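The file data-v7.cif comes next; it holds mmCIF, N, CA and C atoms.
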```cif
data_structure
loop_
_atom_site.group_PDB
_atom_site.id
_atom_site.type_symbol
_atom_site.label_atom_id
_atom_site.label_comp_id
_atom_site.auth_asym_id
_atom_site.auth_seq_id
_atom_site.Cartn_x
_atom_site.Cartn_y
_atom_site.Cartn_z
ATOM 1 N N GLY A 1 -20.710 -1.859 4.016
ATOM 2 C CA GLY A 1 -19.482 -2.495 4.458
ATOM 3 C C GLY A 1 -19.731 -3.831 5.130
ATOM 4 N N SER A 2 -19.093 -4.877 4.613
ATOM 5 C CA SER A 2 -19.253 -6.217 5.166
ATOM 6 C C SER A 2 -17.896 -6.861 5.430
ATOM 7 N N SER A 3 -16.978 -6.083 5.995
ATOM 8 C CA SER A 3 -15.639 -6.576 6.296
ATOM 9 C C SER A 3 -15.136 -6.007 7.620
ATOM 10 N N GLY A 4 -14.056 -6.586 8.134
ATOM 11 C CA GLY A 4 -13.493 -6.126 9.390
ATOM 12 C C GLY A 4 -12.247 -5.286 9.193
ATOM 13 N N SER A 5 -11.657 -4.837 10.296
ATOM 14 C CA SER A 5 -10.454 -4.014 10.239
ATOM 15 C C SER A 5 -9.254 -4.766 10.809
ATOM 16 N N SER A 6 -8.443 -5.332 9.921
ATOM 17 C CA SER A 6 -7.263 -6.083 10.334
ATOM 18 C C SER A 6 -6.015 -5.563 9.628
ATOM 19 N N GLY A 7 -5.443 -4.488 10.163
ATOM 20 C CA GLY A 7 -4.251 -3.910 9.571
ATOM 21 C C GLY A 7 -3.965 -2.514 10.088
ATOM 22 N N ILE A 8 -2.765 -2.017 9.813
ATOM 23 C CA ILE A 8 -2.370 -0.685 10.254
ATOM 24 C C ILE A 8 -2.839 0.382 9.271
ATOM 25 N N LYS A 9 -2.956 0.000 8.004
ATOM 26 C CA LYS A 9 -3.398 0.922 6.964
ATOM 27 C C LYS A 9 -4.870 1.279 7.144
ATOM 28 N N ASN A 10 -5.710 0.259 7.283
ATOM 29 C CA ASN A 10 -7.142 0.466 7.463
ATOM 30 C C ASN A 10 -7.417 1.320 8.697
ATOM 31 N N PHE A 11 -6.478 1.311 9.638
ATOM 32 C CA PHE A 11 -6.619 2.083 10.867
ATOM 33 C C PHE A 11 -6.543 3.580 10.579
ATOM 34 N N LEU A 12 -5.445 4.003 9.962
ATOM 35 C CA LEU A 12 -5.247 5.409 9.630
ATOM 36 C C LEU A 12 -6.369 5.919 8.731
ATOM 37 N N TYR A 13 -6.629 5.193 7.649
ATOM 38 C CA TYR A 13 -7.676 5.573 6.708
ATOM 39 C C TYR A 13 -9.020 5.715 7.417
ATOM 40 N N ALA A 14 -9.271 4.831 8.377
ATOM 41 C CA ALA A 14 -10.517 4.859 9.133
ATOM 42 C C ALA A 14 -10.580 6.080 10.043
ATOM 43 N N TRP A 15 -9.462 6.387 10.690
ATOM 44 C CA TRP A 15 -9.391 7.532 11.591
ATOM 45 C C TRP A 15 -9.452 8.843 10.813
ATOM 46 N N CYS A 16 -8.836 8.856 9.637
ATOM 47 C CA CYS A 16 -8.821 10.048 8.796
ATOM 48 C C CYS A 16 -10.166 10.242 8.103
ATOM 49 N N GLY A 17 -10.739 9.145 7.616
ATOM 50 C CA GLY A 17 -12.019 9.215 6.937
ATOM 51 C C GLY A 17 -13.070 9.939 7.754
ATOM 52 N N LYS A 18 -13.138 9.623 9.041
ATOM 53 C CA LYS A 18 -14.106 10.248 9.934
ATOM 54 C C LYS A 18 -13.781 11.724 10.141
ATOM 55 N N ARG A 19 -12.492 12.043 10.173
ATOM 56 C CA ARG A 19 -12.050 13.420 10.364
ATOM 57 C C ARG A 19 -11.997 14.162 9.033
ATOM 58 N N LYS A 20 -12.680 13.621 8.031
ATOM 59 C CA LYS A 20 -12.712 14.232 6.707
ATOM 60 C C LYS A 20 -11.304 14.576 6.232
ATOM 61 N N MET A 21 -10.396 13.611 6.338
ATOM 62 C CA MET A 21 -9.015 13.812 5.917
ATOM 63 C C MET A 21 -8.518 12.627 5.095
ATOM 64 N N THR A 22 -7.459 12.850 4.322
ATOM 65 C CA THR A 22 -6.888 11.802 3.486
ATOM 66 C C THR A 22 -5.368 11.897 3.447
ATOM 67 N N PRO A 23 -4.695 10.837 3.918
ATOM 68 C CA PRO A 23 -3.230 10.779 3.946
ATOM 69 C C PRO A 23 -2.629 10.662 2.549
ATOM 70 N N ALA A 24 -1.482 11.301 2.349
ATOM 71 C CA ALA A 24 -0.803 11.267 1.060
ATOM 72 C C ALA A 24 0.526 10.525 1.159
ATOM 73 N N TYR A 25 0.637 9.420 0.429
ATOM 74 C CA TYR A 25 1.854 8.619 0.437
ATOM 75 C C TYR A 25 2.710 8.913 -0.791
ATOM 76 N N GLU A 26 4.018 9.017 -0.582
ATOM 77 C CA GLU A 26 4.945 9.296 -1.673
ATOM 78 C C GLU A 26 6.197 8.431 -1.558
ATOM 79 N N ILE A 27 6.452 7.630 -2.587
ATOM 80 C CA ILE A 27 7.616 6.754 -2.603
ATOM 81 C C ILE A 27 8.808 7.434 -3.267
ATOM 82 N N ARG A 28 10.001 7.170 -2.745
ATOM 83 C CA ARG A 28 11.220 7.756 -3.289
ATOM 84 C C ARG A 28 12.298 6.693 -3.476
ATOM 85 N N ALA A 29 13.291 7.002 -4.303
ATOM 86 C CA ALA A 29 14.384 6.075 -4.566
ATOM 87 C C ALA A 29 15.668 6.530 -3.881
ATOM 88 N N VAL A 30 16.261 5.639 -3.092
ATOM 89 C CA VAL A 30 17.493 5.949 -2.379
ATOM 90 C C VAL A 30 18.349 4.701 -2.192
ATOM 91 N N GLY A 31 19.557 4.891 -1.668
ATOM 92 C CA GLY A 31 20.452 3.772 -1.446
ATOM 93 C C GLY A 31 21.508 3.651 -2.527
ATOM 94 N N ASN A 32 22.042 2.445 -2.700
ATOM 95 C CA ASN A 32 23.069 2.201 -3.706
ATOM 96 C C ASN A 32 22.505 1.398 -4.874
ATOM 97 N N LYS A 33 23.348 1.141 -5.869
ATOM 98 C CA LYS A 33 22.936 0.382 -7.043
ATOM 99 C C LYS A 33 22.655 -1.073 -6.680
ATOM 100 N N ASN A 34 23.627 -1.718 -6.045
ATOM 101 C CA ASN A 34 23.483 -3.112 -5.640
ATOM 102 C C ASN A 34 22.266 -3.294 -4.738
ATOM 103 N N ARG A 35 22.141 -2.426 -3.740
ATOM 104 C CA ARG A 35 21.024 -2.491 -2.806
ATOM 105 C C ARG A 35 20.169 -1.229 -2.891
ATOM 106 N N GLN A 36 18.975 -1.367 -3.458
ATOM 107 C CA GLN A 36 18.064 -0.238 -3.603
ATOM 108 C C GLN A 36 17.044 -0.213 -2.468
ATOM 109 N N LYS A 37 16.456 0.955 -2.234
ATOM 110 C CA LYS A 37 15.463 1.114 -1.179
ATOM 111 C C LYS A 37 14.357 2.073 -1.611
ATOM 112 N N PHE A 38 13.204 1.973 -0.958
ATOM 113 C CA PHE A 38 12.069 2.830 -1.275
ATOM 114 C C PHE A 38 11.548 3.528 -0.023
ATOM 115 N N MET A 39 11.859 4.815 0.103
ATOM 116 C CA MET A 39 11.423 5.597 1.255
ATOM 117 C C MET A 39 10.046 6.205 1.006
ATOM 118 N N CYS A 40 9.125 5.971 1.934
ATOM 119 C CA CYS A 40 7.769 6.496 1.816
ATOM 120 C C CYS A 40 7.459 7.464 2.953
ATOM 121 N N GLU A 41 6.946 8.639 2.601
ATOM 122 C CA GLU A 41 6.608 9.653 3.592
ATOM 123 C C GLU A 41 5.130 10.024 3.509
ATOM 124 N N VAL A 42 4.442 9.947 4.643
ATOM 125 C CA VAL A 42 3.023 10.276 4.700
ATOM 126 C C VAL A 42 2.793 11.598 5.423
ATOM 127 N N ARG A 43 2.012 12.478 4.804
ATOM 128 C CA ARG A 43 1.713 13.780 5.388
ATOM 129 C C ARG A 43 0.209 13.965 5.565
ATOM 130 N N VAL A 44 -0.175 14.655 6.633
ATOM 131 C CA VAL A 44 -1.584 14.903 6.916
ATOM 132 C C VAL A 44 -1.822 16.365 7.278
ATOM 133 N N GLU A 45 -2.590 17.058 6.444
ATOM 134 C CA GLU A 45 -2.895 18.465 6.677
ATOM 135 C C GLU A 45 -3.288 18.703 8.132
ATOM 136 N N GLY A 46 -2.807 19.807 8.696
ATOM 137 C CA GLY A 46 -3.118 20.131 10.076
ATOM 138 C C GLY A 46 -1.989 19.774 11.023
ATOM 139 N N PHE A 47 -1.281 18.693 10.717
ATOM 140 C CA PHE A 47 -0.171 18.244 11.549
ATOM 141 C C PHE A 47 1.168 18.556 10.886
ATOM 142 N N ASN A 48 2.209 18.684 11.701
ATOM 143 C CA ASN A 48 3.544 18.984 11.196
ATOM 144 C C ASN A 48 4.342 17.702 10.975
ATOM 145 N N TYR A 49 4.237 16.776 11.920
ATOM 146 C CA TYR A 49 4.949 15.506 11.830
ATOM 147 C C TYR A 49 4.500 14.715 10.606
ATOM 148 N N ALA A 50 5.414 13.925 10.053
ATOM 149 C CA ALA A 50 5.112 13.113 8.880
ATOM 150 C C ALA A 50 5.616 11.685 9.057
ATOM 151 N N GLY A 51 4.706 10.723 8.938
ATOM 152 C CA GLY A 51 5.078 9.327 9.089
ATOM 153 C C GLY A 51 6.170 8.911 8.124
ATOM 154 N N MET A 52 7.235 8.322 8.656
ATOM 155 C CA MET A 52 8.353 7.876 7.832
ATOM 156 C C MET A 52 8.405 6.353 7.766
ATOM 157 N N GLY A 53 8.506 5.821 6.552
ATOM 158 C CA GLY A 53 8.562 4.382 6.374
ATOM 159 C C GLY A 53 9.679 3.956 5.443
ATOM 160 N N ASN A 54 10.429 2.936 5.847
ATOM 161 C CA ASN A 54 11.535 2.433 5.041
ATOM 162 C C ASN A 54 11.414 0.927 4.828
ATOM 163 N N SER A 55 11.574 0.496 3.581
ATOM 164 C CA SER A 55 11.480 -0.919 3.243
ATOM 165 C C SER A 55 11.859 -1.155 1.783
ATOM 166 N N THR A 56 12.640 -2.204 1.545
ATOM 167 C CA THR A 56 13.075 -2.540 0.195
ATOM 168 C C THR A 56 11.889 -2.653 -0.754
ATOM 169 N N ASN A 57 10.739 -3.044 -0.213
ATOM 170 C CA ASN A 57 9.528 -3.191 -1.012
ATOM 171 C C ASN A 57 8.605 -1.991 -0.828
ATOM 172 N N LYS A 58 7.823 -1.688 -1.859
ATOM 173 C CA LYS A 58 6.893 -0.567 -1.811
ATOM 174 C C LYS A 58 5.706 -0.883 -0.907
ATOM 175 N N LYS A 59 5.125 -2.063 -1.092
ATOM 176 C CA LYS A 59 3.982 -2.488 -0.292
ATOM 177 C C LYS A 59 4.269 -2.321 1.197
ATOM 178 N N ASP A 60 5.429 -2.801 1.629
ATOM 179 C CA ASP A 60 5.823 -2.702 3.030
ATOM 180 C C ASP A 60 6.072 -1.250 3.423
ATOM 181 N N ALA A 61 6.918 -0.571 2.654
ATOM 182 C CA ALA A 61 7.240 0.825 2.921
ATOM 183 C C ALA A 61 5.986 1.624 3.258
ATOM 184 N N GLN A 62 4.925 1.404 2.489
ATOM 185 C CA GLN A 62 3.666 2.106 2.705
ATOM 186 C C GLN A 62 3.099 1.792 4.087
ATOM 187 N N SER A 63 2.984 0.505 4.396
ATOM 188 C CA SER A 63 2.453 0.071 5.682
ATOM 189 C C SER A 63 3.255 0.676 6.832
ATOM 190 N N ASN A 64 4.578 0.647 6.702
ATOM 191 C CA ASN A 64 5.458 1.190 7.730
ATOM 192 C C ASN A 64 5.172 2.671 7.964
ATOM 193 N N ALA A 65 5.185 3.449 6.886
ATOM 194 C CA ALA A 65 4.925 4.880 6.974
ATOM 195 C C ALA A 65 3.738 5.166 7.889
ATOM 196 N N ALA A 66 2.618 4.503 7.622
ATOM 197 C CA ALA A 66 1.413 4.686 8.422
ATOM 198 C C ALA A 66 1.691 4.430 9.899
ATOM 199 N N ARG A 67 2.063 3.194 10.221
ATOM 200 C CA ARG A 67 2.355 2.819 11.598
ATOM 201 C C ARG A 67 3.126 3.926 12.312
ATOM 202 N N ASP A 68 4.061 4.542 11.599
ATOM 203 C CA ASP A 68 4.869 5.618 12.162
ATOM 204 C C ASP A 68 3.991 6.790 12.587
ATOM 205 N N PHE A 69 3.240 7.337 11.636
ATOM 206 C CA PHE A 69 2.358 8.465 11.910
ATOM 207 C C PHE A 69 1.423 8.153 13.075
ATOM 208 N N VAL A 70 0.922 6.923 13.112
ATOM 209 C CA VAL A 70 0.017 6.497 14.172
ATOM 210 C C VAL A 70 0.614 6.770 15.548
ATOM 211 N N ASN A 71 1.865 6.359 15.735
ATOM 212 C CA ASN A 71 2.552 6.558 17.006
ATOM 213 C C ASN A 71 2.567 8.035 17.390
ATOM 214 N N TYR A 72 2.873 8.890 16.421
ATOM 215 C CA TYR A 72 2.924 10.327 16.657
ATOM 216 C C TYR A 72 1.587 10.840 17.185
ATOM 217 N N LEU A 73 0.501 10.372 16.581
ATOM 218 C CA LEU A 73 -0.838 10.781 16.989
ATOM 219 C C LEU A 73 -1.060 10.513 18.474
ATOM 220 N N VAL A 74 -0.787 9.282 18.895
ATOM 221 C CA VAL A 74 -0.954 8.897 20.292
ATOM 222 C C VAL A 74 -0.210 9.852 21.217
ATOM 223 N N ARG A 75 1.015 10.202 20.839
ATOM 224 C CA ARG A 75 1.833 11.109 21.635
ATOM 225 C C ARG A 75 1.156 12.470 21.772
ATOM 226 N N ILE A 76 0.774 13.052 20.641
ATOM 227 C CA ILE A 76 0.117 14.353 20.636
ATOM 228 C C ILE A 76 -1.266 14.273 21.274
ATOM 229 N N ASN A 77 -1.666 13.065 21.657
ATOM 230 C CA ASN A 77 -2.967 12.853 22.281
ATOM 231 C C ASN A 77 -4.092 13.022 21.266
ATOM 232 N N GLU A 78 -3.832 12.610 20.028
ATOM 233 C CA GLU A 78 -4.823 12.716 18.965
ATOM 234 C C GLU A 78 -5.608 11.414 18.821
ATOM 235 N N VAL A 79 -4.938 10.295 19.076
ATOM 236 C CA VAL A 79 -5.570 8.985 18.975
ATOM 237 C C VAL A 79 -5.203 8.105 20.165
ATOM 238 N N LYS A 80 -6.177 7.347 20.656
ATOM 239 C CA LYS A 80 -5.957 6.459 21.791
ATOM 240 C C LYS A 80 -5.536 5.069 21.321
ATOM 241 N N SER A 81 -4.567 4.483 22.017
ATOM 242 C CA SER A 81 -4.072 3.156 21.669
ATOM 243 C C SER A 81 -5.217 2.151 21.594
ATOM 244 N N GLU A 82 -6.243 2.369 22.412
ATOM 245 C CA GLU A 82 -7.399 1.482 22.439
ATOM 246 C C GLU A 82 -7.899 1.196 21.025
ATOM 247 N N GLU A 83 -7.673 2.146 20.122
ATOM 248 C CA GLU A 83 -8.102 1.997 18.736
ATOM 249 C C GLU A 83 -7.022 1.313 17.902
ATOM 250 N N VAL A 84 -5.766 1.546 18.267
ATOM 251 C CA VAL A 84 -4.640 0.953 17.554
ATOM 252 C C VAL A 84 -4.636 -0.564 17.701
ATOM 253 N N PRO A 85 -4.334 -1.264 16.598
ATOM 254 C CA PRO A 85 -4.287 -2.729 16.577
ATOM 255 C C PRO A 85 -3.107 -3.283 17.369
ATOM 256 N N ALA A 86 -3.262 -4.498 17.883
ATOM 257 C CA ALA A 86 -2.209 -5.140 18.659
ATOM 258 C C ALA A 86 -0.984 -5.421 17.796
ATOM 259 N N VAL A 87 0.155 -5.636 18.445
ATOM 260 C CA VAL A 87 1.398 -5.916 17.736
ATOM 261 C C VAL A 87 1.665 -7.415 17.664
ATOM 262 N N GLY A 88 1.507 -7.983 16.471
ATOM 263 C CA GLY A 88 1.735 -9.405 16.291
ATOM 264 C C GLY A 88 2.949 -9.692 15.430
ATOM 265 N N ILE A 89 3.086 -8.950 14.336
ATOM 266 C CA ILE A 89 4.211 -9.130 13.428
ATOM 267 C C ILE A 89 5.526 -8.744 14.095
ATOM 268 N N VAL A 90 6.602 -9.420 13.707
ATOM 269 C CA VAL A 90 7.921 -9.145 14.266
ATOM 270 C C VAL A 90 8.978 -9.068 13.171
ATOM 271 N N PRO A 91 9.115 -7.880 12.564
ATOM 272 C CA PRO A 91 10.088 -7.645 11.492
ATOM 273 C C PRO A 91 11.526 -7.663 12.001
ATOM 274 N N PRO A 92 12.485 -7.672 11.064
ATOM 275 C CA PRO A 92 13.913 -7.689 11.393
ATOM 276 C C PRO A 92 14.383 -6.371 12.000
ATOM 277 N N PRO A 93 15.378 -6.453 12.895
ATOM 278 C CA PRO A 93 15.940 -5.275 13.564
ATOM 279 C C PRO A 93 16.737 -4.391 12.611
ATOM 280 N N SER A 94 17.087 -4.942 11.454
ATOM 281 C CA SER A 94 17.853 -4.205 10.456
ATOM 282 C C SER A 94 17.348 -2.770 10.334
ATOM 283 N N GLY A 95 17.984 -1.861 11.067
ATOM 284 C CA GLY A 95 17.585 -0.466 11.028
ATOM 285 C C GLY A 95 18.023 0.297 12.261
ATOM 286 N N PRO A 96 19.283 0.759 12.260
ATOM 287 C CA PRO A 96 19.851 1.513 13.382
ATOM 288 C C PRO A 96 19.238 2.903 13.514
ATOM 289 N N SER A 97 18.308 3.048 14.455
ATOM 290 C CA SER A 97 17.643 4.325 14.681
ATOM 291 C C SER A 97 16.990 4.833 13.398
ATOM 292 N N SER A 98 16.229 3.961 12.745
ATOM 293 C CA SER A 98 15.551 4.318 11.504
ATOM 294 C C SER A 98 14.037 4.242 11.670
ATOM 295 N N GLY A 99 13.567 3.147 12.262
ATOM 296 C CA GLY A 99 12.142 2.971 12.471
ATOM 297 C C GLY A 99 11.812 1.648 13.131
#
```

For this file, produce the structure as structure tokens.
Amino acid sequence: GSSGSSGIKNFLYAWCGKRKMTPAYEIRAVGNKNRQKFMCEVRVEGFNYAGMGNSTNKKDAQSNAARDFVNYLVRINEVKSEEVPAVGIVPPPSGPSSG
């Protein structure tokens, strides 16, 4: 390995890789005809909670899903924020109690 870790995805994969685990991402189709959406849900054996991600784009939806699960881990005391990457990006608020 000759690269660094700059992202939310590489974080989960890195934390899971060591724990001999692999997250499963699944994209779904929802919304209306005019405005379509792609809901992504990530599940990890052993845990009940599942990272939820919403975004018109698949690439984003995936990234979101992870970030979600990450937060849950910290709460359950599974992962320390010290490992979690800083918050630099600032997405739109568009999302009433969604994510």

Excluding residue 54 (chain A) and any residue of its chain fewer than 5 positions from it, enumerate the residues within 6 Å of it, using all atoms listed in the file, and give them as a ChimeraX atom specification. /A:38-40,60-61,64-65

I want to know what sits within 8 Å of residue 52 (chain A), based on only N, CA and C atoms, with residues of the same chain fewer than 5 positions away left out; could you give that as number ranges by chain? A: 39-43, 61-70, 98-99

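Interatomic distance, atom C of residue 81 (chain A) against atom N of residue 5 (chain A): 14.8 Å.
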
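A straight line drawn from CA of residue 26 (chain A) to CA of residue 79 (chain A) is 23.2 Å long.
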
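Nearest residue to residue 75 (chain A) among A:49, A:28, A:58, A:91 is A:49, counting only C-alpha atoms.
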
Please give the centre and size of the box around region 33-45 of chain A (axis-aligned, containing every atom listed in the file, 6 Å added per side), with values in Å to one decimal and written as lines of an AutoDock Vina configuration file.
```
center_x = 10.2
center_y = 7.7
center_z = 0.5
size_x = 38.9
size_y = 34.0
size_z = 27.2
```

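This file, queried with the PyMOL selection byres (((chain A and resi 21 and name CA) around 12) and name CA), gives the residues residues 12, 13, 14, 15, 16, 17, 18, 19, 20, 22, 23, 24, 43, 44, 45, 46 and 47 of chain A.
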
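Taking atom C of residue 73 (chain A) as the reference point, atom N of residue 87 (chain A) is found at 16.2 Å.
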